[PDB]
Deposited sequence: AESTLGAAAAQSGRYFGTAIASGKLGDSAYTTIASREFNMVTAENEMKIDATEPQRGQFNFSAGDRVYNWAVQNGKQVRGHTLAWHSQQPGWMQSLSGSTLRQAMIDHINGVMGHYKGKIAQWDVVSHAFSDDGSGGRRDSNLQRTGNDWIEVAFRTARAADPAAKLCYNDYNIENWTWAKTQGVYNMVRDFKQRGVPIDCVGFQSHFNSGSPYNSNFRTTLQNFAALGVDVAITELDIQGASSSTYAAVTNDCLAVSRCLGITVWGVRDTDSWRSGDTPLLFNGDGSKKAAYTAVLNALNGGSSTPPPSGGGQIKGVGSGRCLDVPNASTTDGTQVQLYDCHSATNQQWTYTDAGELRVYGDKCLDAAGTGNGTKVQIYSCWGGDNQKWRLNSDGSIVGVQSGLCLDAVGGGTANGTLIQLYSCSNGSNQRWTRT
């Protein structure tokens, strides 16, 4: 199978997952996409400490079980998270400290893991334990104040609680190999493996934006950790603006590491994101697949002028016009700027540098023209492996009107048909 993300990843023994919010399971649009595209689920908040143990010794798995059951019933494995960390702690735990906090941490781990014993693929036992001050040291938290060995203890407790689950340490800003934080985690994990501390995986949040940009050395980081004898997982992937190249790059980084179990994007649609303003996911709020979706699918499947297959002619802007609203056409291919299209990270097909292939509407027969670039979804396109070019907003294919092949044949949007007048080659 290769038409959905999860299935595409499965071809190499990997998964492609998402974060599921129990509060959205009653949303048909949400579940239709989530059940179809992902084969791994992480509860966005339902399995955290405050959600599972609202009162000391009083566990509640109502929300957690709804996410877990939805996942398994729809064919997805589950990553549990998170058993012990400084954030989202219930009020009672925040006030605890020292030895009492240490015991509370242990009791929580046993309670939650015991409830899901043998049903969880991976557990983020500890998360976000290192600082961002640039010292590569531990984060100052109530948990850290109970002893630097709290993390080690958490893992030993976890292994005993459920020996069938892979135990992971998860964190962010540990993707770039040159950062001190990355080194701090690397050294801790190396020490753990050397001393026999039970740890099976390292999770990389992979939250990329201009403040903490993706860097190609992420692959090196993954490979260095894999070399320590642990699996690695991309746990909360999201990319500011959802750059197609960056999404494909991260996808290929996991594919390049034998021990990379899979990739989880932090949310289904941009509107479901904890950082929606950065439209960092693979689906738009209206459910349409973004340019990055196709880039990722293509990568998982192991994947200038734009020439029509049926006509042998090139996508051309009539008389090299730069006027907004000029409908594009098919024309004999030749070296000219009005036939030179550039596919951008945002999914646009640009010409002249700042003009965009633009759909004047959303239905069959819609005029395809050039228009000033502004970021609209009617200016975004997905380059399918079969040669078709689909509009993100419309879901319709670039189509040479009436199947025409002669110079002057206009271009429109039309229901995809796999026809030769809808197939294009880029060379």
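Residues of the deposited sequence with no modelled C-alpha atom fall in a single range, 304-312.
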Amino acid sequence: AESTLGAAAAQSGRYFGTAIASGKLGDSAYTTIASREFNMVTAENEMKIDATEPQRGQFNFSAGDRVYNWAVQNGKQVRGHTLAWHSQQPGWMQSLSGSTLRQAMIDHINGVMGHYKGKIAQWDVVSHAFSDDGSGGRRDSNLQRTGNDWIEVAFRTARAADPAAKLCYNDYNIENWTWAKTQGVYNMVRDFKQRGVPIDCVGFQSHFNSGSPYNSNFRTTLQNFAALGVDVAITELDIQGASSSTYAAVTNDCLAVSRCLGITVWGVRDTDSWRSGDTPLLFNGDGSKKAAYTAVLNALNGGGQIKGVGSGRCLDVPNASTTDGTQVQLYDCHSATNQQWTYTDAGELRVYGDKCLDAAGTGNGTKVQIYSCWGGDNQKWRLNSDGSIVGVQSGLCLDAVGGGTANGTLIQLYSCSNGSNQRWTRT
From here on, numbers count along this sequence of modelled residues.
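The mean C-alpha temperature factor is higher for 60-68 when 35-43 and 60-68 are set side by side. The PDB entry reports B-factors from which the mean C-alpha value can be compared for 150-158 and 166-174; the larger average falls on 150-158. The residue among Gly267, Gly287, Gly137, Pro213 whose C-alpha atom has the highest B-factor in the PDB entry is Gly137. Note on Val232, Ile239, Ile106, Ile120: the highest value goes to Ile106, judged by CA B factor as recorded.
Ranked by Cα temperature factor within the chain, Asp27 sits in the middle third according to the deposited record. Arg313: CA B factor in the middle third of modelled residues in this chain (values from the PDB entry). In this PDB entry, the Cα temperature factor of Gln223 sits in the bottom third of its chain's modelled residues, the lowest group.
In the PDB entry, a CA B factor belonging to the highest third of its chain's modelled residues is recorded for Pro54. Sort the modelled residues of the chain by CA B factor and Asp354 lands in the middle third.
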